[PDB]
Each structure stands twice: as structure tokens, then as C-alpha cells.
């Protein structure tokens, strides 16, 4: 999985050599940044439910047709609404993983790989998720570097969706 640490050893490994000061400074770089990352992860996790419930509504508000239109890809049914909230929880949960790990690794393996295929096969619209992510971005309530860390991964998700 892609983290500042695995990236550091992979580099040394391909060149078939021992770790050097070059790689070590990178790991200390992540170690020092962990403080702000952990703070973000903690806050997102403690407020998971309200952010998820808020984000879902933001989506339904912006794209009202996803609640009335008929089809299994929409949330016009209690089942569709459960799947929808579930998917949102998946996104939120993945960005906290990225904060704890210090890299995009978790999101890349678990969510980005195969994304476009899935959204294509089940007629799911990207803008639906981009909307939910923007809501989480504007309301996580974090400040300082904790916000920069959180936003870094939210925006990363936004780009994968566009």
C-alpha cells in the first residue's frame, strides 16, 4: 500500500541498496506531519454520522431527481437511500484511512481502482459523489493544518471523480 514509508523503501529496493539519509528525511517528514493528520482523522471519525447524514441530504437537495426517478440506481426507494448513505460512508471512511496512513494508498486500492468501471456499469453519476464530498469539505469544522490535511484527500477524491 502506498504510504510515505513504503514509497521510501520501494525506492531503495529497486535501486537494490540500503536506506540512506534521503529516504530517512522523508519518513521523518511524515512523522512530523502525523500530528495534524491524526487530529483530522479523529475529528472526521467522531462526527462521521452527522457528516454522512448531512452529505446525503446535500446530494438529494442538489439533484432532486435522484429521489423521485424510478430505477435501482436512484435513491427513490428506502433500499436506494441505504446504498447511497453506505457509499458516502465508504468515501468518508477511506479519507480517514489516508490520514492515518499518511498517503493515498488506502483510497487508491480500495476505492479508485475500478471506480469508473463501477459508476459506468451501475449508472451512478460522479457529480453525485463530488457533491457529497464538497459538503464534507465545507462542514468538517477543522481549522489550520488539520483542515489542509483533510482537504488534501477530499480534493484528491474529487479529481479521481472528474
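Numbering follows the first chain given and starts at 1.
The mean Cα B-factor in the deposited entry runs higher for 9-17 than for the other of 9-17 and 140-148. The PDB entry records a higher mean C-alpha B factor for 61-69 than for its counterpart among 61-69 and 41-49. Out of 135, 31, 128, 97, the entry records its largest CA B-factor for 31.
Ranked by C-alpha B-factor against the other modelled residues of its chain, residue 115 falls in the middle third.
In the deposited entry, the Cα temperature factor of residue 160 sits in the middle third of values across the chain's modelled residues. In the deposited entry, the Cα temperature factor of residue 26 sits in the middle third of values across the chain's modelled residues. Annotation for residue 35: CA B-factor lies in the highest third of the chain's modelled residues.
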